[PDB]
There are 2 protein chains.
Amino acid sequence: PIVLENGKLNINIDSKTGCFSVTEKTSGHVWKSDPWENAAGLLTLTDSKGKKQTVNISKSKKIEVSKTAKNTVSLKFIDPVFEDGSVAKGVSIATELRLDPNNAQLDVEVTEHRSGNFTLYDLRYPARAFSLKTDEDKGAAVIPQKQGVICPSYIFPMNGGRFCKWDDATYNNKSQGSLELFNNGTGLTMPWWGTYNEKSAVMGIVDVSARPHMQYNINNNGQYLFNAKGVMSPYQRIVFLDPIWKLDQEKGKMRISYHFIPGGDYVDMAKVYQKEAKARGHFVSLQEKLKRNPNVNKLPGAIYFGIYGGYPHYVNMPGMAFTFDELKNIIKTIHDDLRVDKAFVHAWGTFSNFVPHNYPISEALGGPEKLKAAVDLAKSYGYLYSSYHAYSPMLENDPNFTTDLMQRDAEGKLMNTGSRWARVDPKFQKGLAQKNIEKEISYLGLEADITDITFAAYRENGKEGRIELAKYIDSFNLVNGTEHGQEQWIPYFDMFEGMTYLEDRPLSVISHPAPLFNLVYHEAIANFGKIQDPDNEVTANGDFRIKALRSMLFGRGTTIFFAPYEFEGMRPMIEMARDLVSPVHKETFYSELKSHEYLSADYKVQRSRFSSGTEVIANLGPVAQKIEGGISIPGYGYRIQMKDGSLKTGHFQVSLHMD
Amino acid sequence: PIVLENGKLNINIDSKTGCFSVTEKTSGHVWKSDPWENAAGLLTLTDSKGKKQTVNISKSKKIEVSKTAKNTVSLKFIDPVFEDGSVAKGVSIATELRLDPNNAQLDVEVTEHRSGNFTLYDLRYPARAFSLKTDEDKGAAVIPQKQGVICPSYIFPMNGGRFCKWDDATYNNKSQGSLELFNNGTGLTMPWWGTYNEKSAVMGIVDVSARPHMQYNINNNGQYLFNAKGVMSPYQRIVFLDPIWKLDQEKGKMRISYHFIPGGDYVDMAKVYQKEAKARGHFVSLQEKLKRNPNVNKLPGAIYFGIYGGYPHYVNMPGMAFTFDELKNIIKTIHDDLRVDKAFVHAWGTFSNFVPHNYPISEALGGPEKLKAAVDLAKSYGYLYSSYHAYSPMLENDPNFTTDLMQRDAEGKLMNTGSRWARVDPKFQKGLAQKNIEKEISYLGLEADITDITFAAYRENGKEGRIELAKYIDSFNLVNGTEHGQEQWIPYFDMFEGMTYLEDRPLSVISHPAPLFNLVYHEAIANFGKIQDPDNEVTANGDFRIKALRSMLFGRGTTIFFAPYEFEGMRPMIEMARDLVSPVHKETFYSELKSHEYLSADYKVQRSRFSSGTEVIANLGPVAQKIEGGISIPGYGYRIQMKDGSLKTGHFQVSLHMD
Ligand SMILES: O[C@H]1[C@@H]2CNC[C@H]1OC2
Ligand SMILES: O[C@H]1[C@@H]2CNC[C@H]1OC2
Ligand SMILES: [Cl-]
Ligand SMILES: [Cl-]
Ligand code: NA
Ligand code: NA
Ligand code: NA
Ligand code: NA
């Protein structure tokens, strides 16, 4: 065996297979190679008859493993072998393992691939590495899926219904699959993932130039590999996360940097990526943003209100659209009746054309002067205000619809025919914003802006146009926000609407929400609930009780998103948000989320600590549970230590009034 | 154009295409043929090169339409033409349209298909028929997806977040697809579906011998047909539901009977099917079941308690398993402290072997005598009791695991390797129940039984074994329930645990729950909430507020499903169910659900009328809303007229307790 070693790690590379193990020398923990098939990597390629096949590259005809430098091992897998015994003659995969001379860091890189007469698709490399043994390791996979989740590597007590779904999912296809980087759907918002047990943690950070997918396997024994054969899997239940290098598409550097943390968990992983986040330029603190714009301080303790008038989906829809007089009266009631001290008022439906033509201010809704009166009222309260804006849609029901503003692919076919909200080519969108945004800022005297859709993902295609638009909006120095966000956009915005959780999502029945994104970026970007899943709606992600408590634990602001006719039904939740969440949001707004912990066996009792000196303990389940010292946290209850040392305790109650 | 006609319907058939329209003469509404491509049918078949393709059979080389009897039109489609212009020589499809002499019923049947050298797969016939024009017809598709849903054919006011998800789904792939009949997953529980507008309704009943799939299209303009071509759809947004005849599989009669109802909606459709359900033998009323077994009357007003001890998933799991003394104390507390007058206690975890070996009563949990003390206490209260039973699983973690009792297919491959709870061939399952169920009945003096899994679906494979097991269980004459159920199993059981809603399901963001199954079968089978989505858990289907109100509107009983450690947190929901749901469930239990109505434009206020003289009005949304007479229904509120003349009014309230 070839050995790479420094003061902290020993890398044992098998010269016959290319598989490697990593010994973390201070804990003695040994991270293993693929426990199922001893595969260094899993390559998907076409065979001589053209059918896609997936092969173990450790079964290649020739495997070369040599130490080409002091801390570098080069590997070459030559002529993989198909299941029928034929050979992909002329296919080769070259990789490298590079141990940092000093730190507990191992770089793994696919350096070259040769495809011969075959076509190469996916490469899982390293394959099924750094795994946890289910119900032996007591730890978790760590996945920054949107705000982030952990997946425990063992079965634990929980509500009986949740338990049945959890355990069942670890045995069927719900616990295996892949996710992508930097989308607003089911995918990841940070280019890292990892695993930990009680002894140590490992995480891999993907090179800034690459876009692998992430394969997950959450306590599954690989039965999915044998269902088509109709045999029972002979493998052990394990947790693993693998990079999927898309050899057919990838033109970046196929490198992942593994960091090994003794005694670490998801918090320590986030802090390690935080250092890389700063080096990549994503991290621009809220304090720097506040120095540039003092109106940023209208955000701490503010409730985000979206008054949804059926727009952009429809123009002046009956029964949903608000007039500007009705808009003004809602703002007045929020301030005078509901005593909301700080607010971001977001009015969806102020223009008489469909987006992307965000103008003129609608005469049918009352006209420019009536909208200005509503905005002037909000500004007299110290509220932030923005209308709904979007420069990316191209809607079938718009009379101005045209494919001329749409993008076409290499075949000349229209792109995003099935995604109406992102049909305009980003290279056109600054020009669209330029048509009226400066007129609206000037006329209404705007201090804030929120822009929809365009910055919800970070894809390569069109990024230059999106950066152009981001720079244009940011040049106005308004307190600005955007839908969902991604880390690459943090320098340009003050708040993200979203960066929480999809309602329907892979892993939902076998994961726990964890504030991975905010553990990295809470100092640099404020987030609020997503408008489709706001704190006033009851969804897979909870009711107001659960969402308010998770808000304080994770460091996000309250979102109240409603059609005008619902307003009277919103008052009780606006009041509870004002009383409970807003003061904590205010105190913690600029701080670092230093730590998050799970404090109960069922993961429902959690504790967050912010660098403001604020501590939030909350219990997101129905039954009172005790923590260290025998302190009891009531069901749907909280125990909050404020910066001045005062202690807030309480709980939500659902009751039935009968006349 | 060939015409079939009686006093109630005019059927207009086009001689060139085979498309037909139906004029419903009482209202004058005309059901048009395929508004998109003038396709009588859509046939999926392989071409001369073996590529699957889908063709418009109205483009066939020869189409023959002849009136072959007084009320029969025969159609033949000969030699379909592919996209390239090649002919499928030797392929033909023969159909018939048969108008009933007196009634507004039209039978449509695929009588014959010939493949030649090609292979035929799916036939949509009739294609895109009985459609609604989006935002023109105000009405809905009607789909018995589990308990049932309707899908409005027009946009309407609703919560802003819901509105965005709803409308977006009508423009992407969430609003098109297919469902299957008689599964416990995403599919249909009754073999019919329909569409209605403000003038007229049509519904189709699938022949008892057939198993088509159901294609749905909910306000989609067919963009999914064009995304791969990268062009915009030229078609209108419409709602349709189509049969998908599986020509490669179907051995039954490929017939669907359409019934036409002037002024009808989903209630009328359900009552039409209720007649057919009695003809099919499914309908055995709860009153006859009570005549056979007086203890059935322990069910009305009973809360279904599932005490989930981590079993069947694990044997004596630490932190989840209950002892029999602990079980007895939970029962005592439910009765003496929580004052629950009627209950079905279901104890998950009483045996020391894994299912399918439901024995012996566990010594580790306390032994048979202590279990008997728990059951005797429950019986002294008048409660029903059952242990958890299952005869279908074969679990990887069972020391007794063997493939001996699993089914194999013609190639010798194990079946259900991907579905651990349903692996024992049903032909063995009665034998497995015979091992101990009679010993448990006589030792514990059981009055009740619940059996898991085996009756959650109705597939052809193994149904004879399942009937054998159901007949055996029914021969004991216990008050008996089963998981989920299907209409074919109603004769053998008193209650179904489930028959409500999956949490994540196709159409969830573009449909409203409707009590379609209970509109048919409430007099014949009692149902309770599903254990994975019980009334004490907050999910996509609501919190306790929403679920308790829906329970009374739909006519189902409360389900409280909890791990033992959660019990103290269940107290407030048990009390609220006891005071609000239980008296209404008790009164309406044996009755017909005569009618259901949506009374608000957002469909959140609803009214159900039961033949016991009970009227339930409830508001499943947060804001108070007015109905006829200016009566106001509070948010999460109810107005219930009882048989004894009392009017129950009230509402749920969430309150924040800050100490
Ligand atoms: O997990 C599921 C499975 C089937 N029925 C409900 C639960 O129990 C076994
Ligand atoms: O429906 C969605 C779409 C994108 N942003 C949120 C909502 O508004 C437009
Ligand atoms: Cl959150
Ligand atoms: Cl229900
Ligand atoms: Na999957
Ligand atoms: Na800004
Ligand atoms: Na779909
Ligand atoms: Na019975």
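Just so we're on the same page: letters track the sequence lines, and every chain starts at 1.
- In this model, no donor atom of one side chain and acceptor atom of the other lie less than 3.5 Å apart for A:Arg639 and A:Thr649.
- Between B:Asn316 and B:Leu365, the closest heavy-atom pair is OD1-CD2, 3.5 Å.
- Judged purely by distance below 3.5 Å, without hydrogens or angles, the side chains of B:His313 and A:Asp168 pair a donor atom with an acceptor atom.
- Side-chain contact annotation: A:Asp137 with A:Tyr196, donor-acceptor N/O pair under 3.5 Å absent.
- Ring geometry for B:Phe562 against B:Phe567 counts as tilted: the plane angle lies between 30° and 60°, on a 0 to 90° scale.
- A salt bridge links A:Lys547 and A:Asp533; the closest N-O separation between the charged side-chain nitrogens and carboxylate oxygens is under 4.0 Å.
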Query raised in the report: Should B:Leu338 and B:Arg571 be marked as a side-chain contact (heavy atoms from CB on, under 4.5 Å) after you check the CA-CA gap, both sets of side-chain angles, and the distance that decides it?
Result: CA-CA 7 Å; B:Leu338 297 173; B:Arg571 287 185 184 262; 3.9 Å; yes
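- In this structure, the side chains of A:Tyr603 and A:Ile150 come closer than 4.5 Å at one or more pairs of heavy atoms.
- With A:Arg237 contributing its side chain and A:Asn220 its backbone, the two residues share no donor-acceptor pair below 3.5 Å.
- A:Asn173 and A:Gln176 form a side-chain donor-acceptor contact under 3.5 Å, judged by distance and modelled atom types alone.
- For the residue pair A:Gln625 and B:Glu568, no side-chain donor N or O sits within less than 3.5 Å of a side-chain acceptor on the partner.
- You'll find the side chain of A:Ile617 stays beyond 4.5 Å of the side chain of A:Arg609, heavy atoms only.
- Counted by atom type alone, A:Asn227 and B:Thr417 present one or more donor-acceptor pairs between their side chains at under 3.5 Å.
- Between B:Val340 and B:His335 there is no side-chain heavy-atom pair separated by less than 4.5 Å.
- Taking the six-membered ring where the residue is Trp, the centroids of B:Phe528 and B:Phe305 are separated by 6.0 Å or more.
- When the options B:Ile450, B:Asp449, B:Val355 are evaluated for a side-chain contact (heavy atoms from CB on, under 4.5 Å) with B:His389, the one that passes is B:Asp449.
- Under the 4.5 Å side-chain criterion, counting only non-hydrogen atoms from C-beta, B:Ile331 is in contact with B:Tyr383.
- In this structure, a donor-acceptor pair under 3.5 Å is absent between the side chains of A:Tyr171 and A:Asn219.
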Query raised in the report: What's the verdict on salt bridge (charged side-chain N to carboxylate O under 4.0 Å, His left out) for B:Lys370 and B:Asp325, showing C-alpha distance, side-chain angles and the deciding distance?
Result: CA-CA 7 Å; B:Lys370 285 179 174 295; B:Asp325 285 333; 3.0 Å; yes
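- Proximity of B:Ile303 to B:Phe344: side-chain heavy atoms (C-beta onward) are nowhere separated by under 4.5 Å.
- Considering A:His596, A:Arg550, A:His512 as possible partners of A:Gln606, the one that fulfils the side-chain hydrogen bond (donor to acceptor under 3.5 Å, both in side chains) test is A:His596.
- With B:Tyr636 as the aromatic partner, B:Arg545 meets the cation-pi criteria of under 6.0 angstrom to the ring centre and within 45 degrees of the ring axis.
- A:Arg505 and A:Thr186 share no side-chain donor-acceptor pair at under 3.5 Å.
- Side-chain contact between B:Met317 and A:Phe163 is present, with heavy atoms from C-beta onward closer than 4.5 Å.
- A 4.5 Å side-chain heavy-atom check between B:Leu371 and B:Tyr385 finds at least one atom pair inside the cut-off.
- Less than 6.0 angstrom separates the ring centroid of B:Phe561 from the ring centroid of B:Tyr308.
- Every residue two or more places apart in sequence or in another chain that forms a side-chain contact (heavy atoms from CB on, under 4.5 Å) with B:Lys530 is listed here: B:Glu483, B:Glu497, B:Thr500, B:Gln532.
- Here the two rings, on B:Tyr311 and B:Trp348, have centers that are 6.0 Å apart or farther.
- Aromatic rings of B:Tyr359 and B:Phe351 (six-membered ring for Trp) have centroids beyond the 6.0 Å cut-off, not under it.
- Between B:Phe544 and B:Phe652, the distance separating the two ring centers is shorter than 6.0 angstrom.
- No more than 12 heavy atoms of other residues, nucleotides or ligands sit less than 6.0 Å from atom NZ of A:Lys594.
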Report task. Go through the steps to decide whether A:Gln147 and A:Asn518 satisfy the test side-chain hydrogen bond (donor to acceptor under 3.5 Å, both in side chains), and finish with yes or no. Result -> CA-CA 7 Å; A:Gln147 176 62 224; A:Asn518 291 4; 3.0 Å; yes
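- For the residue pair A:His29 and A:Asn197, the shortest heavy atom distance occurs at CE1-ND2, 3.2 Å.
- For the side-chain hydrogen bond (donor to acceptor under 3.5 Å, both in side chains) with B:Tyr388, the qualifying choice from B:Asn358, B:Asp452, B:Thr350 is B:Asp452, the only one to do so.
- With A:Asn159 contributing its side chain and A:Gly161 its backbone, the two residues share a donor-acceptor pair below 3.5 Å.
- Looking at every heavy atom in both residues, B:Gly349 comes nearest to B:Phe324 through O-CE2, 4.2 Å.
- With hydrogens and angles ignored, the 3.5 Å screen pairs a side-chain donor or acceptor of B:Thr323 with a backbone N or O of B:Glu326.
- The closest side-chain heavy-atom distance from A:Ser608 to A:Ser595 is not below 4.5 Å.
- From A:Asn541, atom CG reaches atom OG1 of B:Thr539 across 11.0 Å, with rounding to the nearest 0.5 Å.
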